[PDB]
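Undergrad: Take a look at the following structure, please.
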Amino acid sequence: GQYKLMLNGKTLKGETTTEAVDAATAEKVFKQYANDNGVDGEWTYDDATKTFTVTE
Numbered sequence: 064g065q066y067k068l069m070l071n072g073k074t075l076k077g078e079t080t081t082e083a084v085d086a087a088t089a090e091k092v093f094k095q096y097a098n099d100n101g102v103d104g105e106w107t108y109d110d111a112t113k114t115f116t117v118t119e
């Protein structure tokens, strides 16, 4: 399924998507992406909209 990441960082903002078999898989992809791009924030996941957020 399609999962979305809302980036709400101090310097990186926007949205990305990934196709993943489940939410755990999407979470790993998105957390690695956020880490690689220097985002260190609080996370949420909404299973109804398949949307993760990370906020600094």
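Going by our numbering, the first residue of the sequence shown is number 64, and it counts up by one from there.
C-beta atoms are modelled at their ideal positions from N, C-alpha and C, and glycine is treated no differently.
(1) Going by DSSP, what residues sit across from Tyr66 in a beta bridge?
(2) For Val117, count neighbouring C-beta atoms within 10 Å of its own C-beta (all shown protein chains included) and say buried if the count is 16 or more, exposed if not.
(3) Return the bridge partner residues of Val117 from the DSSP annotation.
(4) Relative to the alpha-carbon of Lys113, which residue among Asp99, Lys73, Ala83 and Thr74 has its alpha-carbon at the smallest distance?
(5) Strictly by DSSP, which residues pair up with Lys91?
TA: According to the data block:
(1) Numbered from its first residue, the sequence shown carries residue 66 at position 3. Paired residue(s): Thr81.
(2) Looking up residue 117 in the sequence shown gives position 54. Its Cβ being crowded by 16 or more others within 10 Å, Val117 is buried.
(3) Counting from 1 along the sequence shown, the entry for residue 117 is found at position 54. Bridge partners of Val117: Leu70 and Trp106.
(4) Here residue 113 corresponds to residue number 50 of the sequence shown, with the count starting at 1. Of the candidates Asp99, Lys73, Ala83 and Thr74, the one whose C-alpha sits nearest the C-alpha of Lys113 is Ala83.
(5) The residue labelled residue 91 in the question sits at position 28 within the sequence shown. Answer by DSSP bridge pairing: none, since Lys91 is not bridged.
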